[PDB]
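Colleague: here's a sequence, model it:
(chains A and B)
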Amino acid sequence: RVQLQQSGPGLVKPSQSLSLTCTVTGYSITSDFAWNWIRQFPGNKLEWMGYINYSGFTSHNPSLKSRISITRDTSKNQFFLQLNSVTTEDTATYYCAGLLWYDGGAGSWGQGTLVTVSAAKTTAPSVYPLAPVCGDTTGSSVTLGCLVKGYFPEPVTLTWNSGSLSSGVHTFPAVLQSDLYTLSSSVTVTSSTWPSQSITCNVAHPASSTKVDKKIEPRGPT
Amino acid sequence: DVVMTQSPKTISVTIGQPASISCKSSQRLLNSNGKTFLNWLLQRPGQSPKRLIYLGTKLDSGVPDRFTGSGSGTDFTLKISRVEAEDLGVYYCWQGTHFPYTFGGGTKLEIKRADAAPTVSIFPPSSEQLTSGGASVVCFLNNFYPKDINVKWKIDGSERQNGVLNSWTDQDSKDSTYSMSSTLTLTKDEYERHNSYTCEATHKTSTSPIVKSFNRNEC
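Modeller: Numbering: from 1, shown residues only, chains lettered A, B, ... in the order given. For reference, the structure is listed below:
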């Protein structure tokens, strides 16, 4: 069907502009739809920002009064969001979403892109392995961990064994302190399988272009 | 602007049971051509909202027929004939009839299930973090139900509450449980000063807390 994918910078300085792109595939943007920008606040309140429709005609929320431009490039099958004069109050997840002009149906949203409005600096994380204490390995299951600490801004991506280990995983929401984030993730497996089958935390921080692949080593001889 | 009011705030439903939620708009949503631009959306944990219902009463493209939308004028209802665990998340209504378009505040659908005690796991600071001069002790409290749970930290038998940071997961659709992570962060020098580190979880499933401990400098 039609698919949308947002791209654009995830960290913007106060009083500058946010600039995002929505790339549409599986459908021509000059047919049938209204191409909308919607944002979700940390609270989780959703706000409609505006649209550009298949003919180029636009509309936006008066709450944004004059800060917002919505444009398209038909040769590229893309539409765009520009929002100026930003403040921390514009920190949110931005979604592009197409709805059929005719009946509001077929709602299709991109993945969502987080935009942080902050003067804080981009910092790569330290990824620390969380190896189980000896006494906790003699059970039928064993739980291993990975601590991602001191990064900015969100987000990071975290997988286990490059994504082949997906069952029994818990990745927790990041916690922000002093303009650095900390995230942890746990993975539980059959005790007999470890450490014969190694377990590695794969962490990416696109903002700082940094990746760490941390093999979890047991406590005791390795 | 049109105000959309969703009730109830939160609903907790047993798998296999029905669920009904309401959206009431401050203005009628019928239009001049006979269409009613009222949509319902579901947002699962970690994803974007996705379509359910449109035109007030119509099933959107590819949606399971377990969802039904009813109502007109200003009062709308979404019903789920039989709830499945994957239906958990936040449900929103949306109006496209009056500019500017607006969303309900959302209704969170939670799955009711059998109580479950947490699996508690504690982790000393890593050797790499210790070379950094910082030391985090991590405790996971995994797969419990219900969602209310306490965690207390002890150092050498004495409770510590400073430098503690917690983070909870959304309900898991696989088993309908909750997980939580707690992190106690110290300087390497304070960590290296004490021996015993203890994580204690208190959950309704147990009259006695779940306790996990370790000694510094011991495997």
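
Colleague: how's chain B carved up into domains?
Modeller: Chain B breaks down by curated CATH domains into domains covering B:1-113, B:114-219.

Colleague: now mean neighbour count and distance to residue A:88 too, for those domains, in CSV please.
Modeller: To be clear about C-beta, it is placed using only N, CA and C from the backbone, and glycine gets the same treatment. Shown next, in CSV, are the domains of chain B (neighbours: other Cβ atoms under 10 Å in any protein chain shown; distance: least, Cβ to Cβ, whole Å):
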stretch, mean neighbour count, distance to residue A:88
domain B:1-113, 18, 22
domain B:114-219, 17, 21
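
Colleague: in a markdown table, list those along with distance to residue A:183.
Modeller: What follows is the domains of chain B, written out as a markdown table (distance: least, Cβ to Cβ, whole Å):
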| stretch | distance to residue A:183 |
| --- | --- |
| domain B:1-113 | 13 |
| domain B:114-219 | 8 |
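
Colleague: would you mind putting those into a markdown table with distance to chain A alongside?
Modeller: A markdown table is the format used below for the domains of chain B (distance: least, Cβ to the nearest Cβ, whole Å):
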| stretch | distance to chain A |
| --- | --- |
| domain B:1-113 | 4 |
| domain B:114-219 | 4 |
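
Colleague: out of those, the one nearest residue A:211 is which?
Modeller: Across those, residue A:211 has its closest neighbour in domain B:114-219 (16.3 Å, Cβ to Cβ).

Colleague: roughly how far out does the closest one sit from the chain middle?
Modeller: 20 Å (Cα atoms, centre = their mean, to the nearest Å).

Colleague: how far does that domain stretch from one end to the other?
Modeller: 35 Å (Cα to Cα, to the nearest Å).

Colleague: which parts of chain A belong to which domain?
Modeller: According to curated CATH domains, the domains of chain A span A:1-119, A:120-218.

Colleague: what would the ones you listed look like in JSON lines with mean neighbour count and distance to chain B?
Modeller: Formatted as JSON lines, the domains of chain A follow (neighbours: other Cβ atoms under 10 Å in any protein chain shown; distance: least, Cβ to the nearest Cβ, whole Å):
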{"stretch": "domain A:1-119", "mean neighbour count": "17", "distance to chain B": "4"}
{"stretch": "domain A:120-218", "mean neighbour count": "18", "distance to chain B": "4"}
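
Colleague: need these in JSON lines (columns: distance to residue B:204).
Modeller: Formatted as JSON lines, the domains of chain A follow (distance: least, Cβ to Cβ, whole Å):
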{"stretch": "domain A:1-119", "distance to residue B:204": "27"}
{"stretch": "domain A:120-218", "distance to residue B:204": "20"}
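
Colleague: these: which one's closest to residue B:150?
Modeller: domain A:120-218 (17.2 Å).

Colleague: that closest one: how far from the chain's middle?
Modeller: Using Cα atoms, centre = their mean, the offset of domain A:120-218 from its chain centre is 17 Å.

Colleague: what helix or strand is residue 94 located in?
Modeller: Picked chain A for this. Using DSSP states H and E, residue A:94 maps to strand A:92-100.

Colleague: please refer instead to chain B.
Modeller: Going by DSSP H and E, residue B:94 is part of strand B:89-95.

Colleague: need phi/psi at residue 191.
Modeller: Picked chain A for this. phi -60, psi -40 (degrees, to the nearest 10).

Colleague: look at chain B instead
Modeller: phi -60, psi -50.

Colleague: wait, it sits on residue B:125?
Modeller: Yes. Applying Cβ atoms under 8 Å, one finds residue B:191 in contact with residue B:125, separated by 6.1 Å.

Colleague: now do the shared contacts for the two.
Modeller: B:135, B:137 (Cβ atoms under 8 Å, 6 or more residues apart in numbering or on different chains).

Colleague: so which elements touch the strand holding residue B:94?
Modeller: strand B:4-7, strand B:19-25, strand B:38-43, strand B:75-80, strand B:102-103, strand B:107-112 (3 or more Cβ pairs under 8 Å, 6 or more residues apart in numbering or on different chains; DSSP states H and E).

Colleague: return the distance of that strand from the chain's centre.
Modeller: 16 Å.

Colleague: now the angle from it to strand B:75-80?
Modeller: If you take axes from the mean of the first three to the mean of the last three Cα atoms, to 10 degrees, strand B:89-95 sits at 150 degrees to strand B:75-80.
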